[PDB]
There are 2 protein chains.
Amino acid sequence: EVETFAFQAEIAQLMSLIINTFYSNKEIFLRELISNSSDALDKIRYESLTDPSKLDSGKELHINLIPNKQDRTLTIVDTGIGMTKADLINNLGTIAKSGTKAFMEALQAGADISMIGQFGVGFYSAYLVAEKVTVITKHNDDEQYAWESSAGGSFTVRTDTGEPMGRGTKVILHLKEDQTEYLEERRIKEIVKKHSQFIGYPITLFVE
Amino acid sequence: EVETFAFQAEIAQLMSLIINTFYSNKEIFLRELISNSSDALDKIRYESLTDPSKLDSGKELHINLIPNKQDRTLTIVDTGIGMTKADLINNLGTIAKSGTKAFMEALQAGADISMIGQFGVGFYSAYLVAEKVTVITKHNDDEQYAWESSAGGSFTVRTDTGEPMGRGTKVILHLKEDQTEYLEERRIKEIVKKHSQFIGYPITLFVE
Ligand SMILES: Cc1n[nH]c(-c2ccco2)c1CCCCN(C)c1ncnc2nc[nH]c12
Ligand SMILES: Cc1n[nH]c(-c2ccco2)c1CCCCN(C)c1ncnc2nc[nH]c12
């Protein structure tokens, strides 16, 4: 069963801007996604201090970057807190509305797309390089879900039947045809070194 | 009743480094504290989406900066999630241990004190400008506490009998005698504009 949802108009507008604006410094998408993973790992680490059983779904706290040239995907995997169905459908869009509005206002005032992270919507920078984004996620209090959007104003959520994850999130970037450089080992290494070198979790770049 | 606690050796070492190192760009302390307030406000905002009664202790989400020349204090006030007694005594130091270690290693490798925020211990940058820091805090699930430390390897916690806060945190910086510029309106304005201009909560700088 796949459910289809409309983005609120503001988030749809943001996705369109991200897709439509001429902006060459696209590499910043990876810093934003890795930062998101780091925050999610901080969150589960913090919560387990008071309830250690929150780690029964997996003790290791890490980030994997997985390129696949055949699928043309770059997958950012974390074993963080994960997202509930309510996050995917309601909570996250509610928070995003005001960040979007502030980001938009900053842009007209001369701010730069690379500042998107300050407005809490850095995830959407994924659309600088991806035609479609699939998010597979599992939170302790909930089932494993697959969220997906190619923009165009809608997203889907379904219960995921793929490989069970234990706990955490995979962001699967289905790259635009002209953005395959982000599958290349030395390009990904370069970006992580430049933007993410102090992340406090091991980041493993898988080799193809 | 005042309880006195020893910092773990690593955090004590970090505080000493922050106090002892020659480093002129001290203004970064305010960005770190405002960023901390912002995160705490994000946290309560997020939690109230699923439990709106979490805001019964106060709906407004904001940050006040309050200079007092007579007391020689700069107070950063937020109406964020606040901190529990377990945070003050156990949880926060546990998380801080590994951030401290990474920060230390980054420094020897040539990183800069201004990067302290990437290691999740930016609060301690308060000691660049303050001889004593007092933290008054109230979390929904707990009583109002006062934490205090002048470094030297220990901190105290007591139940606070001052003005009840509703919910949130006040960081009261008892400034070093040579650091009173941070009580001056135009200096604080300058710093906020430079480092904190996109914080998604109203920041009110009180006038003396
Ligand atoms: C599916 C979705 N819907 N709306 C958003 C969103 C809203 C604002 C920014 O992103 C998203 C994406 C949310 C991404 C950031 N996040 C909240 C995350 N939470 C938990 N573990 C994560 N590991 C990577 N990121 C994670
Ligand atoms: C009292 C104490 N003990 N150990 C630490 C600490 C550990 C690592 C960084 O700071 C602190 C300070 C913690 C400061 C950051 N924080 C966790 C905060 N939590 C909730 N509302 C806040 N409003 C400002 N900040 C807030």
Side-chain angles (χ1 to χ4, degrees), chain A residues 31 34-35 38-52 61 81 83-107 109-112 114-122 139 141-142 193 195-202, chain B residues 31 34-35 38-52 61 81 83-107 109-112 114-122 139 141-142 193 195-202:
Chain A
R31 173 187 70 201
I34 287 173
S35 177
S38 181
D39 290 351
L41 289 156
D42 288 346
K43 188 165 191 189
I44 187 71
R45 182 175 65 194
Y46 176 83
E47 285 188 16
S48 64
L49 293 183
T50 48
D51 181 357
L61 303 180
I81 192 134
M83 285 168 279
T84 62
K85 198 181 187 193
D87 281 330
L88 296 175
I89 293 168
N90 292 128
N91 305 152
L92 295 174
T94 302
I95 316 305
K97 203 166 112 309
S98 79
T100 295
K101 173 166 186 289
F103 180 45
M104 298 297 213
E105 302 180 334
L107 292 178
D112 176 274
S114 69
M115 292 157 197
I116 185 167
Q118 297 191 44
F119 303 92
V121 291
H139 186 280
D141 295 340
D142 211 341
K193 195 190 193 156
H195 294 295
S196 299
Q197 65 183 306
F198 299 127
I199 295 287
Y201 297 98
Chain B
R31 173 187 70 201
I34 287 173
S35 177
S38 181
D39 290 351
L41 289 156
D42 288 346
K43 188 165 191 189
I44 187 71
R45 182 175 65 194
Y46 176 83
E47 285 188 16
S48 64
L49 293 183
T50 48
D51 181 357
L61 303 180
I81 192 134
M83 285 168 279
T84 62
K85 198 181 187 193
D87 281 330
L88 296 175
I89 293 168
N90 292 128
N91 305 152
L92 295 174
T94 302
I95 316 305
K97 203 166 112 309
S98 79
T100 295
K101 173 166 186 289
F103 180 45
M104 298 297 213
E105 302 180 334
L107 292 178
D112 176 274
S114 69
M115 292 157 197
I116 185 167
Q118 297 191 44
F119 303 92
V121 291
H139 186 280
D141 295 340
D142 211 341
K193 195 190 193 156
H195 294 295
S196 299
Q197 65 183 306
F198 299 127
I199 295 287
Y201 297 98

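All chains are named by letter (A, B, ...) in the order of the sequence lines, taking the proteins before the strands, and each is independently numbered beginning at 1.
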message: Rounded to the nearest 0.5 Å, what separates atom CD1 in B:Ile199 from atom CZ in B:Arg31?
response: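 That separation rounds to 10.5 Å.
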task: Might you work through the side-chain contact (heavy atoms from CB on, under 4.5 Å) test for A:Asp39 and A:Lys43, ending with a clear yes or no?
output: CA-CA 6 Å; A:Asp39 290 351; A:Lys43 188 165 191 189; over 6 Å; no
query: What pairs with B:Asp87 under side-chain hydrogen bond (donor to acceptor under 3.5 Å, both in side chains), at least two apart in sequence or on another chain?
result: A:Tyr46, B:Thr84
With a 3.5 Å cut-off and sequence neighbours excluded, list the donor-acceptor pairs that the side chains of residues 98-106 of chain B form with protein atoms.
residue, atom, partner, partner atom, Å
B:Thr100, OG1, B:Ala96, O, 2.9
B:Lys101, NZ, B:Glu105, OE2, 3.1

message: Out of B:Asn91, B:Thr50, B:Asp42, return the one with the most heavy atom pairs under 4.5 angstrom to chain A.
response: B:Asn91
task: Sort A:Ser38 into side chain, backbone, both or neither according to what part of it lies under 4.5 angstrom from a heavy atom of chain B.
output: neither
query: Under a 4.5 Å heavy-atom cutoff, which of A:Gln197, A:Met115, A:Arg45 has the most pairs with chain B?
result: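 Looking at each option in turn, the highest pair count goes to A:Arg45.
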